[PDB]
Amino acid sequence: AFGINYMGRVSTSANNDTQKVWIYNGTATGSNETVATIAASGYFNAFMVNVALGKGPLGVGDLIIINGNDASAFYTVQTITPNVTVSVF
Amino acid sequence: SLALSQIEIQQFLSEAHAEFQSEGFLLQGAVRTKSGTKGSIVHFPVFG
């Protein structure tokens, strides 16, 4: 249940030779899901244009500030193909 | 994108620099010179 309206950029730099920082909602005002649900494999697949070839805004190593309806934590993108998987940080 | 750095060009200058060195012939004409000599040895007579 990824919602593009709840994803936002944090890092202001356009330098694509370094990693980006994202922030995702998920509280009662956002997608209203737990951190464990959001951190599940392939949850952010709908964000990528074509996840099979790894084409999309997310890149390996980006930091996502996940804000679930129970808690919040930093996460780091590990792979973008064939699924978008994240690990805690 | 920063991938543009992979198609960067370089400029090569056509004017070469020779290392600082002497051009020689500094002592030309400073001594008694005989031009157009022939043979392996040239003899200069001297009187006392």
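Here is how names work: the chains are called A, B, and so on, in the same order as the sequence lines, proteins then strands, and each is numbered from 1.
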To the nearest 0.5 Å, tell me how far [X] [atom1] sits from [Y] [atom2].
X       : Y       : atom1 : atom2 : value
A:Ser31 : A:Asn5  : OG    : CG    : 11.0 Å
B:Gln28 : B:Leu26 : CD    : CG    : 9.5 Å
A:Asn67 : A:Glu33 : CG    : CD    : 13.0 Å
B:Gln6  : B:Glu8  : CD    : CD    : 9.5 Å
A:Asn25 : A:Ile66 : CG    : CD1   : 11.5 Å

- Message: Assess the residue pair A:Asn15 and B:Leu2 against the criterion (side-chain contact (heavy atoms from CB on, under 4.5 Å)); give the C-alpha distance rounded to whole Å, side-chain angles, the decisive distance to 0.1 Å, and a yes or no.
- Response: CA-CA 7 Å; A:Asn15 172 20; B:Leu2 269 89; 3.2 Å; yes
- Query: Would you call B:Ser35 and B:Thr33 a side-chain contact if the rule is heavy atoms closer than 4.5 Å?
  - Reply: yes
- Does a donor on one side chain sit under 3.5 Å from an acceptor on the other, for A:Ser87 and A:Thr76? no
- Task: Indicate, with yes or no, if the rings of A:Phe2 and A:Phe44 have centres closer together than 6.0 Å.
- Result: yes
I'd like to know if the side chain of [X] reaches the main chain of [Y], judged simply by a donor and an acceptor atom lying under 3.5 Å from each other, with no hydrogens or angles considered.
X       : Y       : result
A:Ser11 : A:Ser13 : no
A:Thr79 : A:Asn83 : yes
A:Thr81 : A:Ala52 : yes
A:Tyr6  : A:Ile23 : no

Please check if [X] and [Y] belong to a single hydrophobic cluster, counting links between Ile, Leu, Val, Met, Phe, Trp and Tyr side chain heavy atoms closer than 4.5 Å.
X       : Y       : answer
A:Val35 : A:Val88 : yes
A:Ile65 : A:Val86 : no
A:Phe47 : A:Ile80 : yes
A:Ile64 : A:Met48 : yes
A:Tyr24 : A:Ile4  : yes

- Step-by-step side-chain contact (heavy atoms from CB on, under 4.5 Å) determination, B:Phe44 to B:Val42: CA-CA 7 Å; B:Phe44 297 77; B:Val42 182; 4.0 Å; yes
- Query: Which atoms form the tightest heavy-atom contact between A:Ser41 and A:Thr85, and what is the distance?
  - Reply: OG-CG2, 3.3 Å
- Does the pair A:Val84 and A:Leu58 meet the rule for a side-chain contact (heavy atoms from CB on, under 4.5 Å), with working shown? CA-CA 9 Å; A:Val84 179; A:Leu58 283 177; 4.0 Å; yes
- Among A:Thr12, A:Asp62, A:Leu63, which residue meets the side chain to side chain contact (heavy atoms under 4.5 Å, CB included) test with A:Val21? A:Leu63
- Message: Counting neighbours of CD on B:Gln11 that are heavy atoms of other residues, nucleotides or ligands and sit closer than 6.0 Å, is the number greater than 12?
- Response: no
- Query: Taking everything shown except B:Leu4 itself, do over 12 heavy atoms lie less than 6.0 Å from its CG?
  - Reply: yes
- Task: Please step through side-chain contact (heavy atoms from CB on, under 4.5 Å) for the pair A:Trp22 and A:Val10, ending with a clear verdict.
- Result: CA-CA 5 Å; A:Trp22 305 81; A:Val10 170; 5.9 Å; no
